[PDB]
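Undergrad: Sequence below, structure please.
(chains A and B)
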Amino acid sequence: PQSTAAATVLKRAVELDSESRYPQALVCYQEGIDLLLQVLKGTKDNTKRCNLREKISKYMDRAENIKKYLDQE
Amino acid sequence: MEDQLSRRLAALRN
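TA: Residues are numbered from 1 along each chain as shown, chains lettered A, B, ... in the order given. Sure, structure below:
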């Protein structure tokens, strides 16, 4: 539900990123990460929680690189 | 864990 919308938003983030639309990609990454953090906050299972952290960390790493690039300008 | 990632998200939005 919340993970379905996170997937939708993150697919757009990756698409915008591949098109070099950096400010737009960054917002979609932030928004998708927010939703994934909301799913994580509501999850009790340790494997699911740990796997969700890996997914979030991977998207966070990409968005931190985009922000660093935009900040240089 | 959630706090570290939420801090990373807030810094991203600064």
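Undergrad: Please identify the buried residues of whatever helix or strand residue A:36 lives in?
TA: In this assignment (DSSP states H and E), residue A:36 forms part of helix A:22-41. Across helix A:22-41, burial judged by 16 or more other CB atoms under 10 Å in any protein chain shown covers A:25-37, A:39-40. Backbone N, C-alpha and C define where each C-beta goes, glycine included.
Undergrad: filter these by proximity to chain B?
TA: A:26, A:29-30, A:33-34, A:37, A:40 (CB under 8 Å from any CB of the partner chain).
Undergrad: Looking at those, spot the one nearest residue A:11.
TA: Taking CB to CB as the measure, residue A:11 lies nearest residue A:29 of these, at 11.3 Å.
Undergrad: pretty sure residue A:63 is touching residue A:32, no?
TA: No. If you go by CB atoms under 8 Å, residue A:63 and residue A:32 don't touch, sitting 9.1 Å apart.
Undergrad: Could you tell me which residues touch both of these two?
TA: Residues touching both residue A:63 and residue A:32 (CB atoms under 8 Å, 6 or more residues apart in numbering or on different chains): none.
Undergrad: The longest helix along chain A: how far from the chain's middle?
TA: Longest helix of chain A, by residue count under DSSP state H: helix A:46-72. Put simply, helix A:46-72 sits 6 Å off its chain's centre (CA atoms, centre = their mean, to the nearest Å).
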